[PDB]
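Just one chain is shown here, as structure tokens, and it is the form deposited in one PDB entry.
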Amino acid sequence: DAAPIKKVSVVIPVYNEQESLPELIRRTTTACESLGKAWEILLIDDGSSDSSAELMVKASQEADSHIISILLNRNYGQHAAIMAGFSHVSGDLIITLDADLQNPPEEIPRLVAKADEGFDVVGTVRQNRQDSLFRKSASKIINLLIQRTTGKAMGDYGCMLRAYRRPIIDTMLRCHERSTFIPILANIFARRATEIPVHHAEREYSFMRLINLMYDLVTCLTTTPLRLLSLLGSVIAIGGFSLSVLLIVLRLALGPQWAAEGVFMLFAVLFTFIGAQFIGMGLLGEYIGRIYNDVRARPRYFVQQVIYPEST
């Protein structure tokens, strides 16, 4: 069906944005008014300490305002702020935006139009951002891994400008896992998805953040690394056993060859035991991985429609 969008909800986490709030609000309001549909704006203050909350309250209390302000008691994180925002939306299309104006609000109409064609998730890709070699390689690896796992590609995973339909948000609200990534979670349930190119501000994370993010993504996406240990251990054990047998055969055939042959055979046995240790660790990982999946308990399926035979 061609179920169209009739209301748009915008979610913007706020944390120490005193300088950028006025222009952000003005541009977002103008962009939303250009849609021709009903709309609302949600501002979530993640425990700011620079008078942002007062500005948000003033904006909410202004005449003819479409802004809903949500105040958290302290800082909890951008992911938690976004999840809190999702719990108070009312429209059928949800859009996430950055409060630093790094992504222009003027792109919202394009996302709305694309979603009106029948897509559940609409993403964005930043053009010619000129990242460093390591960051570009990491982006390529992450895109390939996500495409292989979820079946949907993602050119830019760190981009904040994205659109979701209401059922996607409803299902994502059912996942209580503390460590995750919202764009991956959306694609885990999306049927139809696409991405479009966008531009960005030319000028505006540390390495320690990058390493932790890589670990989080790998743990959220797959458990194969636990499986690779058994393969490595089996290879090592087979090599060690083959060398041990070959040493005895060679000594029995051509007699003694070196003064330290016994040491070499003992080293081969040691390598075999070391490989067995890797096999054991992989065996433990097999259970640990399933424990984790059962613990975080994502939904198994969703039913779209049920057709019963006519009663007559």
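Just so we're on the same page, rigid core means the largest C-alpha set that superposes within 1.5 Å between forms. Start at 1 with the first residue shown and count on from there.
The stretch of deposited sequence separating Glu204 from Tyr205 contains 4 to 9 residues lacking coordinates in this entry.
Another form, the form deposited in another entry, is not on view; read the next lines as being about it.
Only one entry in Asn75, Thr219, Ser90, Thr171 has its C-alpha moved by 2 angstroms or more between this form and the one not shown when the rigid core is superposed, and that entry is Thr219. After superposition on the rigid core, displacement of the C-alpha of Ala113 between this form and the one not shown stays below 2 Å. With the core superposed, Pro22 shows a C-alpha displacement below 2 Å between this form and the one not shown. Once both forms are fitted on their core, a CA shift of 2 Å or more is seen for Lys152 between this form and the one not shown. Three angstroms is the minimum change: in the other form, the CA atoms of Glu195 and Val303 sit closer than in this structure, by 3 Å or more. Three angstroms is the minimum change: in the other form, the CA atoms of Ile211 and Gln78 sit closer than in this structure, by 3 Å or more.
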